[PDB]
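Student: The structure is given below, and queries will be raised subsequently.
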Amino acid sequence: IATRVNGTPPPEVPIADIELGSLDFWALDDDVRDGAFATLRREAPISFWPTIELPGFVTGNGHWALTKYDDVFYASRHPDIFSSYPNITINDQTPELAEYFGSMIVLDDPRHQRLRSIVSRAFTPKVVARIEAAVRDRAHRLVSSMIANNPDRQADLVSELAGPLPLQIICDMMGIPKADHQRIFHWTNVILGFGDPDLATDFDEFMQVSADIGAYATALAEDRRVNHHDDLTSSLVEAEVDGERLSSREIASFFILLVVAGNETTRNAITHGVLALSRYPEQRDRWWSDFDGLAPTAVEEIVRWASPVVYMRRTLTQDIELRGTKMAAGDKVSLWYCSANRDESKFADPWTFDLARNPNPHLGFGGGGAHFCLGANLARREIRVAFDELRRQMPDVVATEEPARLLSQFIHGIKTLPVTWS
Ligand code: HEM
Ligand SMILES: Cc1cc(CCC(C)C)ccc1NCNO
Ligand SMILES: [Cl-]
């Protein structure tokens, strides 16, 4: 595809053209989206928007959009005010889906910390360092297979590498048999792709997929309750929180959170990273000339640039005012990481994709504090190893078409990215 000029700011977007409540807005290209958030940061840093109407979802009240880095950081660090209960997407959750989506991410402390403590050891730096060889093995073989399977030197990066790598890693951590990885992939994509006609627009399919992955979780849990294995599902069924085992719905919700969180966002970080190296070849050249020296900053700049999670939602527990804006107890609040990560008052040259950027206190893993991404160290490893394997096996891998972008307010997804190599 065409490259662009690195450092170019987005087009001006008049504030009257911005409709965060319309699915059509989220189909526009990233230049327009980035320009819209730049206009909000400048002219309306806290503003109120209707909730997008999705067939079968509960619309409910609209939300206050926090677009400034400092406000997203403030909300994240004050959970006694900005609660993660009852949901962390904007749209209200049906009582039927609460059975499958009531994990620790929609809970406050103390119960959130008790739940997180069941699995946190498995994601600490020493424990993930052990997973590193498996990441290396899977990434090496996926890229080798891309080359063996495609003598025409053309393939889809998403289906051949970015998707399978994080999926295989988290499924093995969970104890899921390899035969079932494609069902997990499909379920993940329906749950986080709803509203995109290429994935699912029918709510019956969304509820069927939810029910099926919940039933799958429950059967695997029952098996592990009979026969322990060295995996996260056995951890879940063996835990006790003050002498009480987790309920079937708590187990199903934990399993679904871990599986979905563990593959989709990393997949999109890799695809956006390859697209950026394609658009800014100077950065590829710099990184390839010193891979290990630049990898720390390069991986962080890929996450800042991609912002794979566009926003997370909070709910006020009390009246507050910020920047002169009075917000009421019970109001929804949306935290726009995609905007915080272009905030001109926090980042020098925010429109420059600079793989040497340092410091880089981006909010791609959230604003910090109680819910800080459990998998951040694992994600950074998977990204660094995927790019090292591309450098080694197909260093000129480059996108040949513009991405097919996922239609989503929540996930900065790429459905397909055709690439070519020498
Ligand atoms: C580049 C990849 C990733 C990105 C951009 C990302 C982003 C995020 C964000 C924005 C949050 C919410 C943070 C907050 O509310 O303050 C989060 C939470 C979480 N992430 Fe990730 N994540 C990534 C990879 C992973 C991986 C590989 C896993 C492995 C399972 C994972 C597991 C989780 C979990 C379990 C939570 C909920 C934590 C809690 O509620 O305490 N994430 N992530
Ligand atoms: C994309 C996403 C969605 C959610 C809520 C949706 C359900 C499936 C838990 C939670 C975490 C993440 N990702 C975090 N880390 O990848
Ligand atoms: Cl103030």
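FYI, nothing fancy with the structure tokens labels: chains A, B, ... in order, residues from 1 per chain, ligands from 1 as they appear.
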Enumerate as an NGL selection string the residues within 7 Å of ligand 1, counting only C-alpha atoms and all ligand atoms.
Tutor: :A and (76 or 104-105 or 112 or 116 or 170 or 257-259 or 261-263 or 265-266 or 269 or 303 or 307-309 or 312 or 364-376 or 378-380)
Student: Please provide as an MDAnalysis selection string all residues within 8 Å of stretch 158-163 of chain A, with the sequence filter that same-chain residues fewer than 3 positions apart are discarded (counting only C-alpha atoms).
Tutor: chainID A and resid 139 142:143 146 155 166:167 263:264 266:268 270:271 414:417
Student: Give me the chain A side of the contact with ligand 3, cut-off 6 Å, one line per residue showing its nearest atom pair and distance in Å at one decimal, counting only C-alpha atoms and all ligand atoms, sorted by chain and residue number, as CSV.
Tutor:
residue,atom,partner,partner_atom_place_in_ligand_line,distance
A:322,CA,ligand 3,1 (Cl),4.0
A:323,CA,ligand 3,1 (Cl),4.0
A:324,CA,ligand 3,1 (Cl),5.8
Student: So which one's closest to residue A:90, A:395, A:11, A:214, A:21? Using only C-alpha atoms, please.
Tutor: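 Using only C-alpha atoms, the shortest distance to residue A:90 belongs to A:21.
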Student: So, with only C-alpha atoms as the atoms that count, which of A:100, A:136, A:115, A:34 lies closest to residue A:310?
Tutor: A:34
Student: Measuring atom to atom with only C-alpha atoms, identify which of A:181, A:381, A:286, A:346 is nearest to residue A:300.
Tutor: A:381
Student: Enter the distance from atom CA of residue A:390 to atom CA of residue A:352, in Å, rounded to one decimal.
Tutor: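 Straight-line distance from atom CA of residue A:390 to atom CA of residue A:352 works out to 23.0 Å.
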Student: Please compute the atom CA of residue A:4-atom CA of residue A:279 distance, one decimal, in Å.
Tutor: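 Taking atom CA of residue A:4 and atom CA of residue A:279, their separation equals 5.7 Å.
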Student: Go ahead and compute the interatomic distance for atom CA of residue A:35 and atom CA of residue A:12, in Å to one decimal.
Tutor: 5.9 Å
Student: Given the choices A:51, A:218, A:409, A:117, which gets closest to ligand 2 if the distance is worked out from only C-alpha atoms and all ligand atoms?
Tutor: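 Checking each of A:51, A:218, A:409, A:117 against ligand 2, counting only C-alpha atoms and all ligand atoms, the winner is A:409.
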Student: Have a look at A:18, A:200, A:174, A:276 and name the one nearest to residue A:221; count only C-alpha atoms.
Tutor: A:174
Student: Could you pull the residues within 9 Å of residue A:81, counting only C-alpha atoms, minus those fewer than 5 positions along the same chain, as a PyMOL selection string?
Tutor: chain A and resi 75+315-320+329
Student: So that I can check the secondary structure, give me every residue of stretch 34-216 of chain A assigned strand (DSSP E) by backbone DSSP, as a PyMOL selection string.
Tutor: chain A and resi 46-49+63-66+82-83+154-156
Student: Restricting the calculation to only C-alpha atoms and all ligand atoms, which member of A:399, A:106, A:23, A:363 is positioned closest to ligand 2?
Tutor: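 Among A:399, A:106, A:23, A:363, it is A:106 that comes nearest to ligand 2.
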Student: Give me, as an MDAnalysis selection string, all polymer residues having an atom no more than 12 Å from residue A:277, counting only C-alpha atoms and skipping those fewer than 4 positions away in the same chain.
Tutor: chainID A and resid 1:4 6 270:273 281:288 298 301:302 305 353:355 387 390:391 395:399 419
